Amino acid sequence: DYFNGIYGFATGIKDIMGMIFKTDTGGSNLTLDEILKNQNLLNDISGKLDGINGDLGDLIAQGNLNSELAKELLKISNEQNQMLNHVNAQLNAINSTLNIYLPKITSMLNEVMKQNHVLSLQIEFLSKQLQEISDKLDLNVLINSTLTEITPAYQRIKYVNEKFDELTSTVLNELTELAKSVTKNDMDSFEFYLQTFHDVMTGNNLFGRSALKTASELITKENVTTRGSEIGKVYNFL
Amino acid sequence: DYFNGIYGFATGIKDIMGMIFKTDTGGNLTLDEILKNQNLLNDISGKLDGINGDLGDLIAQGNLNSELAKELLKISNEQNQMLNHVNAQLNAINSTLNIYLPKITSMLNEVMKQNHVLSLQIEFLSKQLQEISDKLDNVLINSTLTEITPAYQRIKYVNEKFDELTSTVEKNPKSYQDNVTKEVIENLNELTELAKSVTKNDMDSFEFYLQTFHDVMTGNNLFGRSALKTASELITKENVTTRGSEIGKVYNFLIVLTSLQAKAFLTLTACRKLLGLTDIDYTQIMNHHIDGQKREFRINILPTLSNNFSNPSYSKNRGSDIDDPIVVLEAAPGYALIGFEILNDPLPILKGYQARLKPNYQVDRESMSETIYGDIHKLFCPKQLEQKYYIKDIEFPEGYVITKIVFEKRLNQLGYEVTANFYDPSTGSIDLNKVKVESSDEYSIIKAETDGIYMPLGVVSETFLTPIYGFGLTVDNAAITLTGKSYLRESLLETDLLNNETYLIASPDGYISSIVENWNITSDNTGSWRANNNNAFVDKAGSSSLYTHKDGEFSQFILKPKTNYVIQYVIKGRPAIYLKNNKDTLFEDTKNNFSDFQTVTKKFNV
Amino acid sequence: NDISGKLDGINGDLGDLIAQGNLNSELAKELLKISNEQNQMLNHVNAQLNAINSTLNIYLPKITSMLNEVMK
């Protein structure tokens with residue numbers, strides 16, 4: 001087929017992002033963590049209120065007790081039932097929101113994996129056209145320096161990409177855990193590695209050595225006798 | 001607008017730290033409480049309470065079989081456990097909304113405000129430091145890269161992310177209770193999470209990176225190679241240059257890096273308050289660290305650096321062989337020459353800045369002016385015949401500031417004469433009677449190429465605008481170089497390398513004056529600009545902007561006859577700009593369409 | 001275990017007194033409020049003591065034998 005360029009890849013991505021951004025799940029003001037936390041809290045209060053109203057109910061229906069008192073106990077049984085009813089209200093809403101959500105999500109993950117497979121084919125050609133280069137390589141300090149500077153960020157991004165692909169091609173906890181790690185606000189975040197990757201790529205990094213610059217050198221090292229021109233090989237890397 | 005030095009930045013920070021340090025958040029939270037659950041819990045609590053209330057009253061009104069009174073009590077405990085456990089959650093939520101959020105949102109609000117003020121004072125310098133790395137390609141060098149980049153990346157990231165989050169947290173604590181949005185809560189969580197990470201005592205701590213940053217900066221690092229020392233090296237061995245002197249460039253670096261840690265410490269202070277840990281006054285340590293970087297700069301690097309500065313670019317231009325031009329840059333009585341810029345966009349132009357001096361070679365912002373000289377290509381370059389260039393490195397003695405430079409080109413023989421007056425750093429008065437004069441025997445001559453000669457181009461100034469005591473023209477490549485000698489050293493040592501008040505102006509990027517009044521729109525008031533309809537209004541595009549729609553127009557009344565002026569404006573969209581006389585049009589710009597803001601530069605002229 | 005043991009038998013005795021009636025209304029209330037305070041505290045203590053007893057009783061046995069085997 002045609003390869004539709006970086007602009008092409010990047011728009012293809014933007015599209016899938018949009019598709020995700022426009023998926024309407026249960027539009028609950030609260031997170032996923034807050035729904036499963038609240039589900040457990042309410043499920044427990046419901047569980048306990050049931051067995052209390054159970055016990056209080058058995059006491060009333062064992063009779064043998066004053067009329068006037070049997071009334072007050074009944075009024076206390078109604079209040080208790082109203083409260084269990086009002087609780088199961090909350091817990092129904094939570095359980096039906098989850099019943100909307102997982103269906104909306106599993107189909108959206110499914111679609112993402114599909115639309116992503118289509119894009120990964122448009123660049124499949126070039127794992128084999130880049131392998132052709134490393135085979136024919138054999139050393140600066142300027143080269144070694146940008147390896148040490150980038151590989152941290154490269155490894156995790158690659159890892160998180162591949163592991164996300166592997167987990168969606170088989171659908172859910174394993175996925176929500178990776179999700180939790182990718183989105184956690186701490187100094188050593190995914191976003192941090194994603195940013196420093198770009199900083200290294202463009203040379204916004206104190207000394208101002210872009211990796212593009214350093215990669216370019218290695219490719220134009222006059223030992224590299226593989227097909228294509230310097231332009232091609234570098235643009236491949238890019 | 002004045003940059004108040006490192007001392008200035010660092011005390012600005014110390015102040016904000018104090019403001020945080022004196023915030024009270026008295027009283028028990030994880031900060032993992034679902035604040036959205038307030039209504040849910042309040043309701044369950046409300047109902048459970050009144051039932052346990054009624055059942056309680058029944059027990060304590062006696063009249064009740066013993067065996068039964070037991071079972072009812074066991075049913076009261078079950079109920080009470082549950083009410084206790086609920087009110088736990090609901091207390092935490094009510095205190096977070098009621099005590100905590102109010103004291104926190106006002107403190108974060110203030111920090112964001114006082115931090116915006118500091119970030120402006122060094123905004124100039126992300127663009128003046130980027131200018132350097134663009135124009136850049138030992139073991140001692142490689143070693144401080146390996147030593148610092150880990151710490152640099154973490155500090156920078158955590159600083160930027162903390163700033164981005166504190167500016168977009170909701171500051172109205174009312175906004176957090178009752179109808180709070182996923183978005184309002186997510187900003188607060190994102191902040192408390194980053195807080196938890198910034199303050200966590202482990203081998204990969206923020207404090208650890210903040211310490212090793214300083215250790216590398218001062219050369220407490222086995223080898224004893226300071227980063228200032230290495231950063232100095234790279235800059236002095238520059239094959240193609242940027243504006244300013246070695247001193248300026250290095251002191252720029254010094255500012256960026258101190259500023260970074262300054263805010264590292266502020267971020268740290270902030271995060272500890274958010275998490276309600278015991279207060280640490282980082283101020284003492286922060287100041288010790290920043291002070292050491294200064295002394296290391298003042299003692300070990302500074303005295304090796306040049307205060308020379310030159311035109312950073314060149315330009316191929318053809319001049320006149322048949323013109324005998326005189327060009328005179330003369331400051332007014334009380335004023336001194338501060339710097340120049342050759343540019344060629346409208347035409348070959350030499351811009352000259354002047355101003356009145358403050359003590360210790362600083363400049364008086366308000367007293368500051370510029371003048372444009374035209375066709376300097378006829379001064380600097382010949383066209384078909386060789387040009388002789390008398391070369392002399394004119395230098396005056398300490399305490400003298402250059403107040404006039406004259407260029408004379410006669411029969412393709414260019415010369416210059418410099419005048420300097422005595423200046424007193426204590427008062428910052430220039431003495432108009434104590435003048436010295438030098439001019440340009442020893443020369444260099446460039447032969448004219450058909451194509452042109454490389455005339456100087458770009459801003460000839462110090463990084464921070466400062467009066468000058470040397471000046472000269474050099475020739476090569478058929479290339480002409482203007483060089484001057486700044487007083488930046490003498491100015492840094494009285495003011496900022498001593499922790500005294502410091503008043504530095506940064507070399508302007510463009511024009512700083514206009515004959516147009518209220519040429520820079522910022523507020524809604526447009527002063528001298530008059531609108532006509534509600535079709536014409538001020539749009540807040542970050543930096544504000546005149547806006548027109550349908551027929552909406554803005555006008556301003558004004559020039560000497562038969563002279564050339566330069567018009568430049570920064571425009572977006574599809575406007576029409578006129579200099580109309582109610583009969584003639586003197587200048588027109590329609591037919592220009594832009595997606596975004598550009599700058600447009602033209603000239604105009606009985 | 002000790003705090004639990006003591007709190008239990010007091011709340012036990014105070015509980016029996018309330019449920020044997022014969023008690024002024026206003027007073028029977030205050031004694032109930034003093035039973036809740038006591039019960040909260042006993043509940044909160046038995047929380048800790050349950051965790052401790054299950055760690056020692058279920059968990060440690062199954063874990064120490066599993067770690068033991070793994071080491072071997």
# chains A, B, ... in the order shown; residues from 1 in each chain; ligands from 1
call {"tool": "interface_residues", "arguments": {"of": "chain C", "to": "chain B", "cutoff": "7 Å", "atoms": "only C-alpha atoms", "output": "ChimeraX atom specification"}}
result
/C:19-23,25,28-29,40
call {"tool": "interface_residues", "arguments": {"of": "chain B", "to": "chain A", "cutoff": "6 Å", "atoms": "only C-alpha atoms", "output": "list in words"}}
result
residues 133, 158, 182, 190, 193, 194 and 197 of chain B
call {"tool": "atom_distance", "arguments": {"atom1": "atom CA of residue B:472", "atom2": "atom CA of residue B:230"}}
result
29.9 Å
call {"tool": "select_by_dssp", "arguments": {"residues": "chain C", "states": "alpha helix (DSSP H)", "output": "PDB file with N, CA, C and O atoms, in the first residue's frame"}}
result
ATOM      1  N   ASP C   2      -5.758  -7.335  76.712  1.00  0.00           N
ATOM      2  CA  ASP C   2      -6.086  -6.870  78.087  1.00  0.00           C
ATOM      3  C   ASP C   2      -7.143  -5.758  78.002  1.00  0.00           C
ATOM      4  O   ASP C   2      -8.212  -5.925  78.624  1.00  0.00           O
ATOM      5  N   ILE C   3      -6.879  -4.686  77.249  1.00  0.00           N
ATOM      6  CA  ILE C   3      -7.836  -3.544  77.137  1.00  0.00           C
ATOM      7  C   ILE C   3      -9.192  -4.106  76.702  1.00  0.00           C
ATOM      8  O   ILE C   3     -10.224  -3.715  77.307  1.00  0.00           O
ATOM      9  N   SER C   4      -9.182  -4.974  75.686  1.00  0.00           N
ATOM     10  CA  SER C   4     -10.395  -5.649  75.155  1.00  0.00           C
ATOM     11  C   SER C   4     -11.097  -6.376  76.296  1.00  0.00           C
ATOM     12  O   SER C   4     -12.279  -6.079  76.532  1.00  0.00           O
ATOM     13  N   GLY C   5     -10.379  -7.277  76.977  1.00  0.00           N
ATOM     14  CA  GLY C   5     -10.902  -8.066  78.109  1.00  0.00           C
ATOM     15  C   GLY C   5     -11.631  -7.193  79.117  1.00  0.00           C
ATOM     16  O   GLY C   5     -12.770  -7.562  79.491  1.00  0.00           O
ATOM     17  N   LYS C   6     -11.021  -6.071  79.521  1.00  0.00           N
ATOM     18  CA  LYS C   6     -11.568  -5.188  80.583  1.00  0.00           C
ATOM     19  C   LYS C   6     -12.781  -4.426  80.036  1.00  0.00           C
ATOM     20  O   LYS C   6     -13.867  -4.511  80.658  1.00  0.00           O
ATOM     21  N   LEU C   7     -12.612  -3.736  78.904  1.00  0.00           N
ATOM     22  CA  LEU C   7     -13.691  -2.906  78.298  1.00  0.00           C
ATOM     23  C   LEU C   7     -14.958  -3.738  78.115  1.00  0.00           C
ATOM     24  O   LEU C   7     -16.062  -3.206  78.364  1.00  0.00           O
ATOM     25  N   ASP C   8     -14.777  -4.981  77.676  1.00  0.00           N
ATOM     26  CA  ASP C   8     -15.865  -5.931  77.354  1.00  0.00           C
ATOM     27  C   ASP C   8     -16.731  -6.137  78.595  1.00  0.00           C
ATOM     28  O   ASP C   8     -17.949  -5.930  78.504  1.00  0.00           O
ATOM     29  N   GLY C   9     -16.110  -6.516  79.714  1.00  0.00           N
ATOM     30  CA  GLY C   9     -16.802  -6.893  80.961  1.00  0.00           C
ATOM     31  C   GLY C   9     -17.487  -5.716  81.629  1.00  0.00           C
ATOM     32  O   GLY C   9     -18.472  -5.969  82.351  1.00  0.00           O
ATOM     33  N   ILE C  10     -16.978  -4.497  81.417  1.00  0.00           N
ATOM     34  CA  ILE C  10     -17.593  -3.239  81.931  1.00  0.00           C
ATOM     35  C   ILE C  10     -18.838  -2.946  81.095  1.00  0.00           C
ATOM     36  O   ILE C  10     -19.928  -2.803  81.681  1.00  0.00           O
ATOM     37  N   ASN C  11     -18.665  -2.862  79.776  1.00  0.00           N
ATOM     38  CA  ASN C  11     -19.783  -2.627  78.830  1.00  0.00           C
ATOM     39  C   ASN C  11     -20.800  -3.760  79.001  1.00  0.00           C
ATOM     40  O   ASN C  11     -22.004  -3.502  78.828  1.00  0.00           O
ATOM     41  N   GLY C  12     -20.329  -4.966  79.346  1.00  0.00           N
ATOM     42  CA  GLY C  12     -21.186  -6.122  79.674  1.00  0.00           C
ATOM     43  C   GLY C  12     -22.098  -5.809  80.842  1.00  0.00           C
ATOM     44  O   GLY C  12     -23.331  -5.919  80.679  1.00  0.00           O
ATOM     45  N   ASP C  13     -21.503  -5.394  81.964  1.00  0.00           N
ATOM     46  CA  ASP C  13     -22.199  -5.093  83.245  1.00  0.00           C
ATOM     47  C   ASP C  13     -23.126  -3.891  83.062  1.00  0.00           C
ATOM     48  O   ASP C  13     -24.284  -3.981  83.499  1.00  0.00           O
ATOM     49  N   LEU C  14     -22.626  -2.809  82.463  1.00  0.00           N
ATOM     50  CA  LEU C  14     -23.398  -1.560  82.218  1.00  0.00           C
ATOM     51  C   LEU C  14     -24.583  -1.892  81.322  1.00  0.00           C
ATOM     52  O   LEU C  14     -25.650  -1.314  81.544  1.00  0.00           O
ATOM     53  N   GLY C  15     -24.373  -2.785  80.350  1.00  0.00           N
ATOM     54  CA  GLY C  15     -25.404  -3.237  79.399  1.00  0.00           C
ATOM     55  C   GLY C  15     -26.535  -3.940  80.121  1.00  0.00           C
ATOM     56  O   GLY C  15     -27.705  -3.612  79.842  1.00  0.00           O
ATOM     57  N   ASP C  16     -26.191  -4.852  81.033  1.00  0.00           N
ATOM     58  CA  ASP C  16     -27.155  -5.664  81.826  1.00  0.00           C
ATOM     59  C   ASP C  16     -28.001  -4.738  82.706  1.00  0.00           C
ATOM     60  O   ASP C  16     -29.209  -5.007  82.855  1.00  0.00           O
ATOM     61  N   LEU C  17     -27.387  -3.686  83.252  1.00  0.00           N
ATOM     62  CA  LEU C  17     -28.058  -2.715  84.149  1.00  0.00           C
ATOM     63  C   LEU C  17     -29.152  -1.959  83.397  1.00  0.00           C
ATOM     64  O   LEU C  17     -30.256  -1.808  83.952  1.00  0.00           O
ATOM     65  N   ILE C  18     -28.820  -1.457  82.207  1.00  0.00           N
ATOM     66  CA  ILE C  18     -29.749  -0.711  81.310  1.00  0.00           C
ATOM     67  C   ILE C  18     -30.948  -1.613  80.992  1.00  0.00           C
ATOM     68  O   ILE C  18     -32.094  -1.127  81.079  1.00  0.00           O
ATOM     69  N   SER C  25     -35.562   7.623  83.289  1.00  0.00           N
ATOM     70  CA  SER C  25     -35.465   7.812  81.812  1.00  0.00           C
ATOM     71  C   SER C  25     -34.199   8.603  81.462  1.00  0.00           C
ATOM     72  O   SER C  25     -33.349   8.073  80.684  1.00  0.00           O
ATOM     73  N   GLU C  26     -34.090   9.824  82.008  1.00  0.00           N
ATOM     74  CA  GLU C  26     -33.008  10.790  81.706  1.00  0.00           C
ATOM     75  C   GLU C  26     -31.646  10.123  81.949  1.00  0.00           C
ATOM     76  O   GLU C  26     -30.718  10.348  81.144  1.00  0.00           O
ATOM     77  N   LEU C  27     -31.542   9.351  83.036  1.00  0.00           N
ATOM     78  CA  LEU C  27     -30.307   8.647  83.473  1.00  0.00           C
ATOM     79  C   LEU C  27     -30.011   7.488  82.521  1.00  0.00           C
ATOM     80  O   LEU C  27     -28.847   7.358  82.113  1.00  0.00           O
ATOM     81  N   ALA C  28     -31.021   6.677  82.202  1.00  0.00           N
ATOM     82  CA  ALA C  28     -30.908   5.529  81.271  1.00  0.00           C
ATOM     83  C   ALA C  28     -30.351   6.000  79.925  1.00  0.00           C
ATOM     84  O   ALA C  28     -29.646   5.195  79.259  1.00  0.00           O
ATOM     85  N   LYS C  29     -30.659   7.241  79.531  1.00  0.00           N
ATOM     86  CA  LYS C  29     -30.060   7.862  78.322  1.00  0.00           C
ATOM     87  C   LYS C  29     -28.549   8.031  78.538  1.00  0.00           C
ATOM     88  O   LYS C  29     -27.763   7.395  77.815  1.00  0.00           O
ATOM     89  N   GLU C  30     -28.160   8.849  79.514  1.00  0.00           N
ATOM     90  CA  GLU C  30     -26.738   9.194  79.768  1.00  0.00           C
ATOM     91  C   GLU C  30     -25.907   7.909  79.848  1.00  0.00           C
ATOM     92  O   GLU C  30     -24.782   7.914  79.342  1.00  0.00           O
ATOM     93  N   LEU C  31     -26.437   6.851  80.457  1.00  0.00           N
ATOM     94  CA  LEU C  31     -25.728   5.548  80.594  1.00  0.00           C
ATOM     95  C   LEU C  31     -25.576   4.909  79.215  1.00  0.00           C
ATOM     96  O   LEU C  31     -24.539   4.268  78.980  1.00  0.00           O
ATOM     97  N   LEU C  32     -26.571   5.070  78.348  1.00  0.00           N
ATOM     98  CA  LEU C  32     -26.500   4.560  76.958  1.00  0.00           C
ATOM     99  C   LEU C  32     -25.391   5.311  76.205  1.00  0.00           C
ATOM    100  O   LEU C  32     -24.574   4.636  75.528  1.00  0.00           O
ATOM    101  N   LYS C  33     -25.332   6.641  76.345  1.00  0.00           N
ATOM    102  CA  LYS C  33     -24.328   7.479  75.634  1.00  0.00           C
ATOM    103  C   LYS C  33     -22.932   7.017  76.075  1.00  0.00           C
ATOM    104  O   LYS C  33     -22.009   6.954  75.232  1.00  0.00           O
ATOM    105  N   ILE C  34     -22.812   6.665  77.353  1.00  0.00           N
ATOM    106  CA  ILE C  34     -21.569   6.140  77.983  1.00  0.00           C
ATOM    107  C   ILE C  34     -21.332   4.700  77.518  1.00  0.00           C
ATOM    108  O   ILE C  34     -20.173   4.262  77.562  1.00  0.00           O
ATOM    109  N   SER C  35     -22.366   3.989  77.061  1.00  0.00           N
ATOM    110  CA  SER C  35     -22.211   2.621  76.497  1.00  0.00           C
ATOM    111  C   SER C  35     -21.682   2.708  75.064  1.00  0.00           C
ATOM    112  O   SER C  35     -20.891   1.827  74.676  1.00  0.00           O
ATOM    113  N   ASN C  36     -22.121   3.713  74.305  1.00  0.00           N
ATOM    114  CA  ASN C  36     -21.690   3.916  72.898  1.00  0.00           C
ATOM    115  C   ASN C  36     -20.215   4.313  72.888  1.00  0.00           C
ATOM    116  O   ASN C  36     -19.444   3.685  72.134  1.00  0.00           O
ATOM    117  N   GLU C  37     -19.848   5.315  73.692  1.00  0.00           N
ATOM    118  CA  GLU C  37     -18.447   5.790  73.809  1.00  0.00           C
ATOM    119  C   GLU C  37     -17.564   4.566  74.051  1.00  0.00           C
ATOM    120  O   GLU C  37     -16.566   4.361  73.314  1.00  0.00           O
ATOM    121  N   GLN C  38     -17.968   3.770  75.038  1.00  0.00           N
ATOM    122  CA  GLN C  38     -17.238   2.554  75.474  1.00  0.00           C
ATOM    123  C   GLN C  38     -17.179   1.553  74.321  1.00  0.00           C
ATOM    124  O   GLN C  38     -16.134   0.935  74.118  1.00  0.00           O
ATOM    125  N   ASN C  39     -18.289   1.391  73.612  1.00  0.00           N
ATOM    126  CA  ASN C  39     -18.430   0.349  72.574  1.00  0.00           C
ATOM    127  C   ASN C  39     -17.579   0.747  71.368  1.00  0.00           C
ATOM    128  O   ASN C  39     -16.815  -0.116  70.923  1.00  0.00           O
ATOM    129  N   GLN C  40     -17.680   1.993  70.888  1.00  0.00           N
ATOM    130  CA  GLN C  40     -16.789   2.531  69.823  1.00  0.00           C
ATOM    131  C   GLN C  40     -15.353   2.067  70.068  1.00  0.00           C
ATOM    132  O   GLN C  40     -14.693   1.505  69.162  1.00  0.00           O
ATOM    133  N   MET C  41     -14.892   2.342  71.286  1.00  0.00           N
ATOM    134  CA  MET C  41     -13.496   2.122  71.712  1.00  0.00           C
ATOM    135  C   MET C  41     -13.202   0.621  71.714  1.00  0.00           C
ATOM    136  O   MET C  41     -12.152   0.220  71.214  1.00  0.00           O
ATOM    137  N   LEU C  42     -14.110  -0.185  72.242  1.00  0.00           N
ATOM    138  CA  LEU C  42     -13.947  -1.658  72.243  1.00  0.00           C
ATOM    139  C   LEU C  42     -13.942  -2.152  70.798  1.00  0.00           C
ATOM    140  O   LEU C  42     -13.107  -3.023  70.498  1.00  0.00           O
ATOM    141  N   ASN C  43     -14.839  -1.627  69.949  1.00  0.00           N
ATOM    142  CA  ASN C  43     -14.923  -1.998  68.515  1.00  0.00           C
ATOM    143  C   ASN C  43     -13.575  -1.709  67.865  1.00  0.00           C
ATOM    144  O   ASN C  43     -13.016  -2.618  67.212  1.00  0.00           O
ATOM    145  N   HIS C  44     -13.089  -0.482  68.056  1.00  0.00           N
ATOM    146  CA  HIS C  44     -11.845   0.015  67.428  1.00  0.00           C
ATOM    147  C   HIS C  44     -10.654  -0.823  67.899  1.00  0.00           C
ATOM    148  O   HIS C  44      -9.704  -1.044  67.106  1.00  0.00           O
ATOM    149  N   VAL C  45     -10.698  -1.268  69.150  1.00  0.00           N
ATOM    150  CA  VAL C  45      -9.600  -2.087  69.735  1.00  0.00           C
ATOM    151  C   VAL C  45      -9.678  -3.483  69.129  1.00  0.00           C
ATOM    152  O   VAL C  45      -8.633  -3.969  68.669  1.00  0.00           O
ATOM    153  N   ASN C  46     -10.866  -4.084  69.118  1.00  0.00           N
ATOM    154  CA  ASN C  46     -11.026  -5.474  68.635  1.00  0.00           C
ATOM    155  C   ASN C  46     -10.683  -5.534  67.149  1.00  0.00           C
ATOM    156  O   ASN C  46     -10.233  -6.604  66.716  1.00  0.00           O
ATOM    157  N   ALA C  47     -10.838  -4.428  66.419  1.00  0.00           N
ATOM    158  CA  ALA C  47     -10.346  -4.295  65.029  1.00  0.00           C
ATOM    159  C   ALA C  47      -8.890  -4.753  64.988  1.00  0.00           C
ATOM    160  O   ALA C  47      -8.578  -5.764  64.300  1.00  0.00           O
ATOM    161  N   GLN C  48      -8.056  -4.028  65.736  1.00  0.00           N
ATOM    162  CA  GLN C  48      -6.584  -4.219  65.801  1.00  0.00           C
ATOM    163  C   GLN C  48      -6.290  -5.665  66.206  1.00  0.00           C
ATOM    164  O   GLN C  48      -5.473  -6.324  65.529  1.00  0.00           O
ATOM    165  N   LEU C  49      -6.978  -6.123  67.253  1.00  0.00           N
ATOM    166  CA  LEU C  49      -6.742  -7.418  67.935  1.00  0.00           C
ATOM    167  C   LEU C  49      -7.200  -8.568  67.043  1.00  0.00           C
ATOM    168  O   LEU C  49      -6.618  -9.655  67.166  1.00  0.00           O
ATOM    169  N   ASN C  50      -8.197  -8.350  66.184  1.00  0.00           N
ATOM    170  CA  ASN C  50      -8.637  -9.374  65.200  1.00  0.00           C
ATOM    171  C   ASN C  50      -7.528  -9.573  64.173  1.00  0.00           C
ATOM    172  O   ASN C  50      -7.150 -10.748  63.930  1.00  0.00           O
ATOM    173  N   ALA C  51      -7.039  -8.462  63.601  1.00  0.00           N
ATOM    174  CA  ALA C  51      -5.973  -8.439  62.573  1.00  0.00           C
ATOM    175  C   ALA C  51      -4.757  -9.189  63.119  1.00  0.00           C
ATOM    176  O   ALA C  51      -4.202 -10.067  62.421  1.00  0.00           O
ATOM    177  N   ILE C  52      -4.387  -8.865  64.353  1.00  0.00           N
ATOM    178  CA  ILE C  52      -3.214  -9.466  65.036  1.00  0.00           C
ATOM    179  C   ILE C  52      -3.472 -10.962  65.196  1.00  0.00           C
ATOM    180  O   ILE C  52      -2.557 -11.742  64.919  1.00  0.00           O
ATOM    181  N   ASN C  53      -4.676 -11.353  65.600  1.00  0.00           N
ATOM    182  CA  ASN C  53      -4.964 -12.773  65.923  1.00  0.00           C
ATOM    183  C   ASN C  53      -5.041 -13.576  64.634  1.00  0.00           C
ATOM    184  O   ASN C  53      -4.613 -14.727  64.663  1.00  0.00           O
ATOM    185  N   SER C  54      -5.525 -12.993  63.541  1.00  0.00           N
ATOM    186  CA  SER C  54      -5.618 -13.726  62.255  1.00  0.00           C
ATOM    187  C   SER C  54      -4.223 -13.825  61.622  1.00  0.00           C
ATOM    188  O   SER C  54      -3.933 -14.891  61.033  1.00  0.00           O
ATOM    189  N   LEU C  60       0.324 -16.576  59.386  1.00  0.00           N
ATOM    190  CA  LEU C  60       1.739 -16.916  59.658  1.00  0.00           C
ATOM    191  C   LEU C  60       1.951 -18.399  59.408  1.00  0.00           C
ATOM    192  O   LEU C  60       2.830 -18.730  58.620  1.00  0.00           O
ATOM    193  N   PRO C  61       1.156 -19.316  60.011  1.00  0.00           N
ATOM    194  CA  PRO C  61       1.257 -20.746  59.707  1.00  0.00           C
ATOM    195  C   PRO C  61       1.353 -21.116  58.222  1.00  0.00           C
ATOM    196  O   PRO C  61       2.309 -21.811  57.869  1.00  0.00           O
ATOM    197  N   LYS C  62       0.403 -20.650  57.392  1.00  0.00           N
ATOM    198  CA  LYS C  62       0.398 -20.958  55.933  1.00  0.00           C
ATOM    199  C   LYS C  62       1.624 -20.326  55.264  1.00  0.00           C
ATOM    200  O   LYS C  62       2.135 -20.934  54.299  1.00  0.00           O
ATOM    201  N   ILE C  63       2.095 -19.181  55.764  1.00  0.00           N
ATOM    202  CA  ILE C  63       3.197 -18.425  55.099  1.00  0.00           C
ATOM    203  C   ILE C  63       4.542 -19.034  55.482  1.00  0.00           C
ATOM    204  O   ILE C  63       5.326 -19.309  54.564  1.00  0.00           O
ATOM    205  N   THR C  64       4.799 -19.224  56.776  1.00  0.00           N
ATOM    206  CA  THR C  64       6.103 -19.720  57.281  1.00  0.00           C
ATOM    207  C   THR C  64       6.404 -21.088  56.670  1.00  0.00           C
ATOM    208  O   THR C  64       7.585 -21.342  56.404  1.00  0.00           O
ATOM    209  N   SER C  65       5.395 -21.934  56.455  1.00  0.00           N
ATOM    210  CA  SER C  65       5.623 -23.277  55.866  1.00  0.00           C
ATOM    211  C   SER C  65       5.920 -23.118  54.367  1.00  0.00           C
ATOM    212  O   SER C  65       6.800 -23.840  53.852  1.00  0.00           O
ATOM    213  N   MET C  66       5.235 -22.181  53.710  1.00  0.00           N
ATOM    214  CA  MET C  66       5.420 -21.899  52.263  1.00  0.00           C
ATOM    215  C   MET C  66       6.797 -21.267  52.026  1.00  0.00           C
ATOM    216  O   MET C  66       7.504 -21.704  51.105  1.00  0.00           O
ATOM    217  N   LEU C  67       7.189 -20.281  52.830  1.00  0.00           N
ATOM    218  CA  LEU C  67       8.552 -19.684  52.739  1.00  0.00           C
ATOM    219  C   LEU C  67       9.589 -20.763  53.012  1.00  0.00           C
ATOM    220  O   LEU C  67      10.591 -20.803  52.294  1.00  0.00           O
ATOM    221  N   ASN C  68       9.344 -21.576  54.034  1.00  0.00           N
ATOM    222  CA  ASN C  68      10.245 -22.675  54.459  1.00  0.00           C
ATOM    223  C   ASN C  68      10.494 -23.581  53.252  1.00  0.00           C
ATOM    224  O   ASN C  68      11.664 -23.786  52.906  1.00  0.00           O
ATOM    225  N   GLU C  69       9.427 -24.069  52.622  1.00  0.00           N
ATOM    226  CA  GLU C  69       9.506 -24.952  51.429  1.00  0.00           C
ATOM    227  C   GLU C  69      10.300 -24.268  50.314  1.00  0.00           C
ATOM    228  O   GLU C  69      11.171 -24.942  49.712  1.00  0.00           O
ATOM    229  N   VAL C  70       9.995 -22.994  50.034  1.00  0.00           N
ATOM    230  CA  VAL C  70      10.630 -22.216  48.929  1.00  0.00           C
ATOM    231  C   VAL C  70      12.138 -22.185  49.168  1.00  0.00           C
ATOM    232  O   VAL C  70      12.889 -22.507  48.232  1.00  0.00           O
ATOM    233  N   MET C  71      12.554 -21.835  50.385  1.00  0.00           N
ATOM    234  CA  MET C  71      13.986 -21.769  50.763  1.00  0.00           C
ATOM    235  C   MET C  71      14.636 -23.121  50.473  1.00  0.00           C
ATOM    236  O   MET C  71      15.766 -23.123  49.945  1.00  0.00           O
TER     237      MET C  71
END
call {"tool": "select_by_dssp", "arguments": {"residues": "stretch 430-586 of chain B", "states": "strand (DSSP E)", "output": "PyMOL selection string"}}
result
chain B and resi 430-439+443-446+453-460+468-475+480-486+530-531+536-539+545-548+554-555+565-573+577-580+585-586
call {"tool": "atom_distance", "arguments": {"atom1": "atom CA of residue B:479", "atom2": "atom CA of residue B:241"}}
result
14.5 Å
call {"tool": "atom_distance", "arguments": {"atom1": "atom CA of residue B:10", "atom2": "atom CA of residue B:115"}}
result
11.6 Å
call {"tool": "residues_around", "arguments": {"residues": "residue B:384", "least_positions_apart": "3", "cutoff": "9 Å", "atoms": "only C-alpha atoms", "output": "PyMOL selection string"}}
result
chain B and resi 318-321+447-450
